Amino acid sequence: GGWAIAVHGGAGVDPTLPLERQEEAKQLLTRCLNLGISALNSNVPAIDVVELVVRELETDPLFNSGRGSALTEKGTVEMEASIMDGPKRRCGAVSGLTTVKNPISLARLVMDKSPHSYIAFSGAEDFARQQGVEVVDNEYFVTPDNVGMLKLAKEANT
């Protein structure tokens, strides 16, 4: 065979999904898929392609990752991610990120540049800064829509 790629924006979709949001989601999926296809046609390695595509999915506020992440009960964002390169089964993962613009790229750096495969919370925030990645205030990741839903989730918890 030749190249193949899939992208996802999560399971658990409610069947009453508004058409308008269904269209936004397909348009985003298409954009991300095509971004990966473009890299694959340009002979970019698989490990670089999954990183570049998940970065786009992180940046767009629609799905639950990066900016647009679900909120904690405190109303803030704690993000996590993992990446794996198949040929030598190389792994990188991060949890508890609060300022890192693109969690998946920090997981990549754990894979390539740490003796460990998983770094989390304060140590992962330290590592991001040693590595010089883009970091921002947590409020950056928080969107009005998610504040709205957090409210609901809380009260629903009766």
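Numbering starts at 1 and runs along the sequence shown.
Asker: Out of 15-23 and 140-148, which one has CA B-factors that are higher on average in the deposited record?
Answerer: The stretch with the larger mean CA B-factor is 140-148.
Asker: Would you determine, from the values in the PDB entry, which of 32-40 and 100-108 has the greater average C-alpha temperature factor?
Answerer: On average, C-alpha B-factors are higher across 32-40.
Asker: I'd like to know which of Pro115, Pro61, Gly92, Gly123 has the highest C-alpha temperature factor in the PDB entry.
Answerer: Highest CA B-factor of the listed options: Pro115.
Asker: Considering only modelled residues of the same chain, in which third does the CA B-factor of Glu73 rank: lowest, middle or highest?
Answerer: Answer is highest: the recorded C-alpha B-factor places it there.
Asker: Pull the Cα B-factor of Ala4 out of the PDB entry and bin it into the chain's lowest, middle or highest third.
Answerer: Tercile = middle for this residue's CA B-factor.
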